[PDB]
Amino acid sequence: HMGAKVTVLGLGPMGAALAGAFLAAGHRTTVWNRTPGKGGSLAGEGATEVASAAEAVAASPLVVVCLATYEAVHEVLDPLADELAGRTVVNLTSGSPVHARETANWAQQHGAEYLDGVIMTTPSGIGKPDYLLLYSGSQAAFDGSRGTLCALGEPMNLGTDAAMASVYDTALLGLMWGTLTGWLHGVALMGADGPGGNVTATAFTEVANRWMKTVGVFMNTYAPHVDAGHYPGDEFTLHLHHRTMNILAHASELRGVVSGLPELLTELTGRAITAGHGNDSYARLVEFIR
């Protein structure tokens, strides 16, 4: 209602965007950066810049960290172990699951409530609708800080294991690249010469956007299959995937679209049909990649 105290450590492009969003939401925002001179614009927006990380940590019960690497996080935070007792550390630095876990354990050993997070947008998306920030670790920290963290974007609490956010980021990027590479293949197929072709990317994508709703139905149908280890094919079996994948491969070859995607798909589905699972759903393929 009236604003909370929050500190941001790190004024690179992303940390500066975080601080700006906290300020725009009315929070009393204290900032620090290792190198002087990157906080003048934020000071005019109401931030208080301080010269040391120690002063910045002492300023707020909620310390948001956004630095280049976890090596940098530990260089900044390790000398402040005693100063962090009783505070909440929200670490939005990118890095590995094991580094998230090791930082969490260190914070616990020094009495800081630790929440690791990943930012699923670029600096211009901070503070805008739909963009996600994903958090994992202390549920006390998440519930107590959610109202402030909302300033940055939509928060999602993944669970209690601090390493989860790192893994989600990686898995979600893989899903994005699969989608975008299938999208590119489709754009190229639609744009090529030939009967039915010479369609713009924009026209294709108007239809593709509608189709993604159906693709989402498939993902939500198949997630319980994976979790159950039971993959009923019902009206769309691996036999049918493999047949229509070969049609895609043929159409792509005729129209000069060479992405490697049809080959990856037919090899994978072929292995599962060879193994006897042609009547199963696409979810059965999880057993052929894990």
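When you see a residue number, it is the position in the sequence shown, counting from 1.
- Modelled in this chain, residue 45 is nonetheless unresolved in at least one third of the other entries of the protein that span it on both sides.
- The records show that residue 36 is omitted from the coordinate set of at least a third of the other eligible entries of this protein.
- Comparing the deposited coordinates for 76 to 84 and 173 to 181, the stretch with the larger average C-alpha B-factor is 76 to 84.
- The stretch with the higher mean CA B factor, choosing between 185 to 193 and 122 to 130, is 122 to 130.
- Across the residues 212, 158, 140, 201, the deposited record lists the maximum Cα B factor for 140.
- Between the residues 216, 144, 97, 111, it is 144 that shows the highest Cα B-factor in the PDB record.
- In this PDB entry, residue 252 carries a Cα temperature factor that places it within the lowest third of its chain's modelled residues.
- Ranked by Cα temperature factor within the chain, residue 15 sits in the lowest third according to the deposited record.
- When all modelled residues of the chain are sorted by CA temperature factor, residue 65 is found within the lowest third.
- Residue 151 sits in the highest third of its chain by CA B factor, as recorded in the PDB entry.
- In the deposited entry, the Cα temperature factor of residue 53 sits in the middle third of values across the chain's modelled residues.
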